[PDB]
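As a plain string of letters, each chain reads:
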Amino acid sequence: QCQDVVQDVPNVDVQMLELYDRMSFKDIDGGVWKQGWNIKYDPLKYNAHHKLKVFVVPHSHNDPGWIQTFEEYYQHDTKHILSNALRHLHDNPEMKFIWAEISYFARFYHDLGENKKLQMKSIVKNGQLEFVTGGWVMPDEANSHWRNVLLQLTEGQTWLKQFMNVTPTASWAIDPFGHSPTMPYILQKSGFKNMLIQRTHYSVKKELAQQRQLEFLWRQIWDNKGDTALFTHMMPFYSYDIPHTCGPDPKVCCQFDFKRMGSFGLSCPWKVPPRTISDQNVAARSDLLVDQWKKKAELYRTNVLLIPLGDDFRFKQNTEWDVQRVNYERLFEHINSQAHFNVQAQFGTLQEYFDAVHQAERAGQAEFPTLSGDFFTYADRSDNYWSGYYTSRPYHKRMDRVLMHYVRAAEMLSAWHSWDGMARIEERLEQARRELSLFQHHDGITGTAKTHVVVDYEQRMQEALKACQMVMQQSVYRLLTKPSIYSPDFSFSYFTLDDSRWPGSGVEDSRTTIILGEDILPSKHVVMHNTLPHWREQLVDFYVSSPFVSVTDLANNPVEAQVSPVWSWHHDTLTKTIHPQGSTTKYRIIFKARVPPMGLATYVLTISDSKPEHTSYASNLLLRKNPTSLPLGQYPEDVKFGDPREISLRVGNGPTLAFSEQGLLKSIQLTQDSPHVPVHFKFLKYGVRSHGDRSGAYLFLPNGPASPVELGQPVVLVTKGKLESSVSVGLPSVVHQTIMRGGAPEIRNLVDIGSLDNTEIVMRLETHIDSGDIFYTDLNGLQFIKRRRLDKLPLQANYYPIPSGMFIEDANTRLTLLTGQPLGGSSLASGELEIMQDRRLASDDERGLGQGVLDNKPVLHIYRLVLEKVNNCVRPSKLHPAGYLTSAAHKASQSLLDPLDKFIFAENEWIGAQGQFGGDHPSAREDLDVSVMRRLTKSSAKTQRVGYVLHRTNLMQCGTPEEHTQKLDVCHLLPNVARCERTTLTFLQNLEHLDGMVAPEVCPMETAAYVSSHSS
Ligand SMILES: *[C@@H]1O[C@H](CO)[C@@H](O)[C@H](O)[C@H]1NC(C)=O
Ligand SMILES: N[C@@H]1C[C@H](O)[C@H](O)[C@@H]1O
Ligand SMILES: [Zn+2]
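By convention in this text, residue numbers begin from 1 on each chain and track the written sequence, not necessarily the entry numbering, and residues missing coordinates are not displayed. Here chains are named by letter from A upward and ligands by number from 1 upward, in the order in which they appear as written. Side-chain descriptors were evaluated using all non-hydrogen atoms of the structure, hydrogens and water having been removed beforehand. Residues with missing side-chain atoms are left out of burial classes, side-chain pairs and their counts.

- Judging from the entry metadata, X-ray crystallography is the method by which this structure was determined, and 1.210 Å is the reported resolution.

## Focus on the packing of helix α12 (residues 394-415) against helix α14 (residues 451-479)
When two helices pack together, their arrangement is given by the angle between the helix axes and the distance between those axes.
Next, step 1: One can describe the packing of α12 onto α14 by two numbers: an axis separation of 9 Å at closest approach and a directional angle of 30°. Between α12 and α14, the angle is such that the two are roughly parallel. At the point where α12 passes α14, the crossing takes the left-handed sense. Two secondary-structure elements touch here, α12 through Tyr395, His396, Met399, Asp400, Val402, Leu403, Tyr406, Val407, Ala409, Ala410, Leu413 and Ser414 and α14 through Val454, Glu458, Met461, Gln462, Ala464, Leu465, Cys468, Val471, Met472, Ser475, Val476 and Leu479.
Next, step 2: Note on residue categories: nonpolar means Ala, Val, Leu, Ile, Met, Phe, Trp, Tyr, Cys or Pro, charged means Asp, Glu, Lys or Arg, and polar means any other residue, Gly included. Considering only residue class, the contact of α12 with α14 consists of 18 nonpolar, 4 polar and 2 charged. Here an axis means a line fitted to C-alpha atoms, over the contact stretch when the element is a helix, while the angle between two N-to-C directions is reported on a 0 to 180 degree scale. Runs of H or I in DSSP of at least four residues are treated as helices and runs of E of at least two as strands, each being numbered from the N terminus. Should an angle fall under 35 degrees it is taken as roughly parallel, and over 145 as roughly antiparallel, whereas 65 to 115 is taken as roughly perpendicular and any remaining angle as oblique. Should the near helix be turned anticlockwise from the far one by less than a right angle, the crossing is left-handed, and should it be turned clockwise, the crossing is right-handed. Whether two residues touch is decided by their heavy atoms; if any such pair falls within 4.5 Å, the residues are in contact.

## Section: the site of ligand 2
Next, step 1: Taken together, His61, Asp63, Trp66, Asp175, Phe177, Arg199, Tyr240, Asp312, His442, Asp443 and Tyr698 make up the full set of residues adjacent to ligand 2.
Next, step 2: Separating an oxygen atom of ligand 2 from a side-chain N or O atom of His61 is a distance of 3.0 Å.
Next, step 3: Interatomic distance of 3.4 Å between a side-chain N/O atom of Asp312 and an oxygen atom of ligand 2.
Next, step 4: Here the residues of the shell around ligand 2 sort into 4 nonpolar, 2 polar and 5 charged. Think of it this way: one heavy atom of a residue within 4 Å of a molecule or strand is enough to make that residue near it. Think of a polar contact as two N or O atoms within 3.5 Å of one another; within protein, one of them needs to be a possible hydrogen donor and the other a possible acceptor, and neighboring residues in sequence only count if both atoms come from side chains.

## Structural notes on the packing of aromatic side chains
Next, step 1: The aromatic pairing rule takes the rings of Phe, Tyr and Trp, using the six-membered ring of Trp, and pairs them if the centres are within 6.5 Å, calling planes under 30 degrees apart stacked, those over 60 edge-to-face and the rest tilted. Per the stated rule, a full pass over the model turns up 54 aromatic pairs.
Next, step 2: Both rings, one in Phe97 and one in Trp99, keep their centres 6.0 Å apart while their planes meet at 50°; by these two values the pair is tilted. Here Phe97 and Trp99 have matching classes, each one buried.
Next, step 3: Sitting above the plane of the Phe807 ring, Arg814 keeps its charged end 3.8 Å from the centroid.
Next, step 4: The residue whose ring lies beneath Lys902 is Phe542, and the NZ or CZ to ring-centre distance is 5.2 Å. Relative accessibility thresholds used throughout: buried, under 20% of the residue-type maximum; exposed, over 50%; partly exposed, between the two (1.4 Å probe, protein chains only). We call a charge positioned over a ring when the NZ of a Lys or the CZ of an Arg lies within 6 Å of the ring centre and within 35 degrees of the ring normal.

## Section: the coordination of the zinc ion (ligand 3)
Next, step 1: Each metal site lists N, O and S donors within 2.8 Å (3.2 Å for Na, K and Ca). With water left out of the atoms, a site can look as if it is missing ligands. Here the zinc ion (ligand 3) is held by the protein donor atoms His61 (NE2), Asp63 (OD), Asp175 (OD) and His442 (NE2), which lie 2.1 Å from it.
Next, step 2: Every geometry call rests on angle ranges, with four donors termed tetrahedral when all angles are between 85 and 135 degrees, four termed square planar and six termed octahedral when opposite donors are over 155 degrees apart and all others are between 65 and 115, and everything else termed irregular. Seen from the zinc ion (ligand 3), its 6 donor atoms lie at angles of 74 to 171°, and the figure they make is octahedral.
Next, step 3: Each donor residue of the zinc ion (ligand 3) lies on the same chain, and together they follow the pattern H-x1-D-x111-D-x266-H.
Next, step 4: According to the relative accessible area criterion, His61 is buried, its value standing at 1%.
Next, step 5: Judged by its relative accessible area of 2%, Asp63 is buried.

Here it is as structure tokens:
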């Protein structure tokens, strides 16, 4: 039976929200362990029959971009680290090394001669070089979507299986800025047995260390039974560098970083340098080091101790390999032979550490606590909370979500067929997956890299978008053209993509107008794709060169349509106002597209000489004092003008929205009867401190609560149509738009912070919902976690990642804000929600980036706003740490992240065109998604294989029958199935051979992967 994820509160030893409520977070000086205490141990704890086993694990943290680009670091540092690791591990059989970032390792290995490839394979096979995690990168855990965490994990592990014949089962995450339970969720479903984390709040490290709870079985917050649990090691100290990994006193541990004696340009800030180990000092040196090790061991439950030995881009020079290796070997020889220490120390790997810990556990020497929750928001010291990077470089955060969807759609659309090598499908998909995967790095999507590195990530993602477009349009042409007519040129553009929300109106004028005319071209085919596994209707829009356009399906049935002007906003330097201009040569046509599950639907746009029967025209009202005319070319309705005033709008039988005279929402009425519920949007600004620590790309250090943006008398544009209405207003730094299509409104903000230095712009919602101190935010687009706003912590500590949505509720009412981009946000008072839009910061914030954030560019942020009655919903109890979306909020999120794709046929006539693809595909319940569909074999494989990742969310029961759907069996989506297997989520291991070749659907909050084999 499926676990109930709502009604049983798991019993765990440590529940992070409960721990937060209880903890006092006092920042006291703990002595040499600044954020701890003076650790004491009983020397008689170890003896001949109970020794301390110490694993020193050499490592090198290699950022795939940060202060230099990926390729710059590869040429300057990483290729030398890997070349010298190969040499020194080969020559020194007891030395060990771990490696995390497969993007760099693949970059290196493919440039090796065969002789060196063979030597590399041998030091991996014999266990000297060990891959940890084996993702393409070490990803951010706050802003990343779980689908892209899995994508990058799969990209790295598929490479490693192919070329190194290994699949890591231990994860190493020493640098992401706070940690998410989405990681153990994905890793445990991908064969992992152990993971390690580091950047958790210094007060959490102290609290868990005092209880010896730094090693725990980390389960998901809803998991009563514990089947999601993954053994997790949290490192105890302030950094992963050598001063903070040997033991609690960095002034002592720095003396054991043998790269700091001077010739390498490094030194010890605690003013005592390392000394070369010799026969004359090894006993004293070992005394000092073993005492640090035994203090660190006090914080953990077994007699097996992990000592990382590394730092950023370490193990580069041959002289550095020698100075670390030779000095540690001298220490190990002395320590291991001096019975009075009762220690056995050696170089080891991460897996070796975890294997020895679990051998101790099985021998009955330790029992580990259970834990649920997350580790946000991180602070490394004092009040320095790392909530700034939840928003930094928001243009690229939004681009991540656009590319996420494009990769999914290109892999799915092209998976239906096998393609000849000449089509370059696999090549373009590999490039797209790798550039998106690279951006999941903890200096990519986080917005914490130097300006020229951000430009490199953007250029890579632009090439990845172009790759996706090529694959998608080739696939649409093949899926919708009569097979005996299909005659592809794999370099040709049969369709171009039309995307209404990226980069966005006002960000780039990149959309193509469909040009129709009696003397050039009467009509145009367009095609919509729906990547979701259920039938979808959704309004779509295109630019057209006439307002007199009508739409038909490919059975020539008329489709109701609305035409609206194309409005653009200009900051007018002559009048010093922000106001809209309408085009006099292009127009927007909007209509409802109905598209099969995982399918395609074709429509035709036809010009006529006059208003067509099934096309209506929106009215337009410009509210401002001092108006001037707004001609619209051939558009048949004249614009109307008026002074600023409150206005109300309703589309279809949907909610009625009321707006202030400044163009901002004031209330929502859900039904014709019901109350006008206050829901007010407001824009505010945070500044930066003029004394003490400055906000930068990582840190948010506001100078108090936000202050309202002074709005003046902004110009408001109201467009009212049968199918779509909107209110748009030109505010300082934001063109804010509320769009209504008959259900939950859509909000679009065109955010241009301009030259406003030391400013963070926030969008706040004010309501009467009696939420108190509780609010909910998501983790990686996968789950919603309960937050409690703690007044004992500063403002910036109450900011959390908002990777896809947030909500507040009381007994009767909920307000959910869904996002199309990860941003930071909070609820700083009962009834409020707020989300940061952009931040422009002049100073560096002392974490090594060496710049502020002064490279802002206009970005179009998108949202959905769902106000709902929830008193009839079956919700978790007050003690449950999770929350769950309603059906309407989940569908609104899907509308933002995986919209219909739109294709415009590029030539004048499409011969052989077909009207639909996928009409026979099952329309699966609403809580189930086909997150990934990917063909895993090239055309030369006799047995083709297609992989699917199926995710089922959990939606609240609120009494809507909402029913009859068809079972989805992904293993029968392609014909001639010969086998169906359940696999790990990376597709790399078969877990179950399935009866009747049927892939079962999954339980709420579960994710499974299946591979179908076809003998076609
Ligand atoms: C891959 O490793 C497995 C595990 O022992 C081994 O049996 C197999 O032969 C290896 N494949 C090769 C040799 O590349
Ligand atoms: N350890 C530092 C943090 C910075 O953001 C970059 O990821 C470096 O590795
Ligand atoms: Zn890093």
